[PDB]
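Here is the structure we will look at.
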Amino acid sequence: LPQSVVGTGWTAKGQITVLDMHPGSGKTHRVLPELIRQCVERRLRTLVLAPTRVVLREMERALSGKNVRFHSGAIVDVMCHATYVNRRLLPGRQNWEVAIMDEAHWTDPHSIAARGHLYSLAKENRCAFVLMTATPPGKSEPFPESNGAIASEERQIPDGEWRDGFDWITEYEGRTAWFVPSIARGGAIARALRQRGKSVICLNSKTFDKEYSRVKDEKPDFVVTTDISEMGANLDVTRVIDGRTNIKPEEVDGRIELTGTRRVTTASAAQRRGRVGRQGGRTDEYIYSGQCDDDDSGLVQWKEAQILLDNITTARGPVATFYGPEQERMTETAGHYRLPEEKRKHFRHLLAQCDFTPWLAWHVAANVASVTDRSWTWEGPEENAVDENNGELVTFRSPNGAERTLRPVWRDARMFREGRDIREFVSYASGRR
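Reading the sequence shown from the start, the letters are residues 5 to 76, 86 to 104, 106 to 447 in the deposited numbering.
So this is what it looks like as structure tokens:
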């Protein structure tokens, strides 16, 4: 066990420790159960935050016991990063002595807000904070350690259908993990592989919970994933194909656009490369193309993190900041995005019940009059009109039978990414939910 968590010094109120362990070391196998044990013996009420629901259930079948309680009494409470944020949004007011966050390097807005609130409470000597990442925020090294040898070579990677020139992709007995910047490009890569006689399973933010099990049972030749596999995913592959690209939303002229690709950060590229090299006695491959880019300040994920964090803090209490090496990404002074309590209830309803983004939920709950108003979805500018991939305008009918055209006043392209996101937003705009 690492010396930072030997003894009892890591549980002292105000202590902040970072556990850099390359994958395959025993973070969830030997370290985390030992950290839980020391806190149960001392009656220290603890909080354990898991990144994904898949990570939560894997820790559930191993740590469920007498004094452990899994969410969405006991001493240890375990929940997701978003669960801690959403429950804290309801004035729902519990405290803890020690906090442990697994995979605390996620740039998801809820993960950034959870880091900020726990870091701020630890600065007030109200709790202790432990962070567990192979790529801690601030460190920039694209080739970290691993249990097995990893051969990194740069070669051109196709972003779509290829005729010839890439025979190294098919001529390889073994299982490969291919990272793509978006779902749309992942479907095109699956077309070229399946046409050439290869088994493919696609993993994205909307298919990860249902088909993560099929990777173990079906043993596919390729796994086309969209960065959802960076956060605690055991794909059991020996080769990683990574173009180091990523499609992330930005704010441009009061609108969230999803156009173009950006270079991934060093932590993301190292996290993709960490999918292999987890067992010695063999050599895995990591195929990349291009360099990295650690300047992701232009992404809207940093603004939405402060929107959540400013509405997370307790009333008549100290404001909260981001985590240490991350406060350079703060858009405004701490506490700027604070909303009134009545406006906050509408903000919480849009996130949990309507599946809005933190960006869109903030602008709606802070500028509309009634909570049952739907006019803002068809009263916006003509420029904000929404269309499908066939060119047809999105049309829905209000309860009075009037066919409307979707022109939101606050346009967020993430809400119109696919029919799965369109029909849920159309169902809201039409008044069905």
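Backbone N, C-alpha and C define an ideal beta-carbon position, used for all residues, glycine too.
Suppose contacts are defined by Cβ-Cβ distances below 7 Å. Is residue 217 in contact with residue 239 by that definition? Position 203 of the sequence shown, counted from the first residue, corresponds to residue 217. Position 225 of the sequence shown, counted from the first residue, corresponds to residue 239. It is a contact, given that the beta carbons lie within the stated cut-off.
Find the nearest neighbour of residue 320 within the set 331, 137, 335, judged by alpha-carbon distance. Position 306 of the sequence shown holds residue 320. Of the listed residues, the one whose Cα sits closest to residue 320 is 335.
Own chain partners of residue 154 with C-beta closer than 6 Å, once the 5 adjacent residues on each side are dropped: Position 140 of the sequence shown holds residue 154. The residues are 280, 308.
Residue 254, DSSP secondary structure in three states: Reading the sequence shown from its first residue, position 240 is the one you call residue 254. Residue 254: strand per DSSP, three-state reduction.
So residue 44 packs on residue 88, CB below 8 Å; how close in whole Å? By 1-based counting over the sequence shown, the position of residue 44 is 40. By 1-based counting over the sequence shown, the position of residue 88 is 75. Contact holds; Cβ gap of about 6 Å.
Nearest-angstrom Cα distance between residue 311 and residue 317? As a first step, residue 311 must be located in the sequence shown, where it is residue number 297. As a first step, residue 317 must be located in the sequence shown, where it is residue number 303. Between residue 311 and residue 317, the C-alpha separation is close to 9 Å.
Measure the C-alpha to C-alpha separation of residue 293 and residue 278 and round it to an integer number of angstroms. Here residue 293 is taken as the residue at index 279 of the sequence shown, counted from 1. Here residue 278 is taken as the residue at index 264 of the sequence shown, counted from 1. Cα to Cα, residue 293 sits roughly 26 Å from residue 278.
Nearest candidate by alpha-carbon position, reference residue 296, set 128, 162, 33: Locating residue 296 in the sequence shown gives position 282, where the first residue counts as 1. The candidate whose alpha carbon is nearest that of residue 296 is 162.
Strictly by DSSP, which residues pair up with residue 259? Taking the sequence shown and counting its residues from 1, one reaches residue 259 at position 245. Bridge partners of residue 259: 277.
Going by the beta-carbon positions, is the gap between residue 371 and residue 426 smaller than 7 Å? Residue numbering aside, residue 371 sits at position 357 when the sequence shown is read from its first letter. Residue numbering aside, residue 426 sits at position 412 when the sequence shown is read from its first letter. Taking 7 Å as the Cβ cut-off, residue 371 and residue 426 qualify as a contacting pair.
Does the ligand GDP have a heavy atom nearer than 6 Å to the CB of residue 152? In the structure on display, the ligand GDP does not appear, and there are no ligands present to speak of.
Which residues DSSP lists as bridging residue 73, in chain order: Taking the sequence shown and counting its residues from 1, one reaches residue 73 at position 69. 90.
List the whole-angstrom C-beta distance separating residue 373 from residue 361, where the pair is believed to meet the contact cut-off of C-beta under 8 Å. Translated into positions along the sequence shown, residue 373 becomes position 359. Translated into positions along the sequence shown, residue 361 becomes position 347. Wrong, their Cβ atoms sit about 11 Å apart, outside the cutoff.
Using beta-carbon positions only, say whether residue 352 and residue 302 come within less than 7 Å of one another. Working through the sequence shown from its first residue, we reach residue 352 at position 338. Working through the sequence shown from its first residue, we reach residue 302 at position 288. The answer is no: Cβ separation not under 7 Å.
When you compare the CB positions of residue 26 and residue 118, do they come within less than 7 Å of one another, or not? Your numbering for residue 26 matches position 22 in the sequence shown. Your numbering for residue 118 matches position 104 in the sequence shown. Their beta carbons are not under 7 Å apart, which means residue 26 does not touch residue 118 by this criterion.
Does residue 247 come out as helix, strand or coil in the three-state DSSP assignment? Stepping through the sequence shown from its first residue, residue 247 is reached at position 233. Looking at residue 247 - three-state DSSP - the assignment turns out to be coil, as it is neither helix nor strand.
Host alpha helix (DSSP H) of residue 105 (start-end): Within the gap of the chain, which runs from 104 to 106, lies residue 105, and it has no coordinates in the structure.
Beta-carbon spacing of residue 219, residue 203 below 7 Å: Within the sequence shown, the letter at position 205 stands for residue 219. Within the sequence shown, the letter at position 189 stands for residue 203. Taking 7 Å as the Cβ cut-off, residue 219 and residue 203 do not qualify as a contacting pair.
7 Å Cβ cutoff met for residue 213 and residue 178: Here residue 213 refers to the residue found at position 199 of the sequence shown. Here residue 178 refers to the residue found at position 164 of the sequence shown. No, they are not a contact pair.
Go ahead and pull the three-state DSSP assignment for residue 122. Counting from 1 along the sequence shown, the entry for residue 122 is found at position 108. Residue 122: coil per DSSP, three-state reduction.
Hey, residue 359 and residue 380: beta-carbon distance below 7 Å or not? For the purposes of this step, residue 359 is identified with residue 345 of the sequence shown, where counting begins at 1. For the purposes of this step, residue 380 is identified with residue 366 of the sequence shown, where counting begins at 1. No. Outside cutoff.
Please classify residue 192: does DSSP put it in a helix, a strand, or coil? If you number the sequence shown from 1, residue 192 lands on position 178. Looking at residue 192 - three-state DSSP - the assignment turns out to be strand.
Keeping to the same chain, check which residues put their C-beta closer than 6 Å to that of residue 299; ignore five residues upstream and five downstream. Residue 299 sits at position 285 when you count from the first residue of the sequence shown. Cβ neighbours of residue 299 beyond the five flanking positions: 165, 253.
Where the beta strand (DSSP E) containing residue 216 begins and where it ends: Against the sequence shown, residue 216 aligns to sequence position 202. From DSSP, the beta strand (DSSP E) with residue 216 extends over 214-217.
Sequence-distant residues of its chain with Cβ nearer than 8 Å to residue 9 (five each side left out): If you number the sequence shown from 1, residue 9 lands on position 5. Cβ within range, chain order: 21, 23, 35, 38, 39, 144.
Which residues in the same chain as residue 244 place their Cβ atom closer than 7 Å to its Cβ, once the five residues preceding and following it in sequence are excluded? As a first step, residue 244 is located in the sequence shown; it is residue number 230 there, counting from the start. If we look at residue 244 and ignore the five residues flanking it on each side, its Cβ neighbours are 282, 285, 286.
Need the endpoints of the alpha helix (DSSP H) that residue 302 sits in, please. Residue numbering aside, residue 302 sits at position 288 when the sequence shown is read from its first letter. Unbroken run through residue 302 is the beta strand (DSSP E), 297-302; no alpha helix (DSSP H).
Across which residues does DSSP place residue 310 in a beta bridge pair? Counting from one through the sequence shown, the residue named residue 310 turns up at place 296. Paired residues: none, contrary to the question.
Distance between beta carbons of residue 116 and residue 146, contact taken as under 8 Å: Residue numbering aside, residue 146 sits at position 132 when the sequence shown is read from its first letter. Residue numbering aside, residue 116 sits at position 102 when the sequence shown is read from its first letter. The Cβ separation is near 5 Å, so the contact holds.
Can you tell me where the alpha helix (DSSP H) with residue 45 in it begins and where it stops? The residue you call residue 45 lines up with position 41 of the sequence shown. Here the alpha helix (DSSP H) through residue 45 covers 36-45.
Along the chain, where does the beta strand (DSSP E) containing residue 112 start, and where does it finish? Locating residue 112 in the sequence shown gives position 98, counting from the first residue. Looking at the DSSP string, the run of the beta strand (DSSP E) that includes residue 112 is 112-116.
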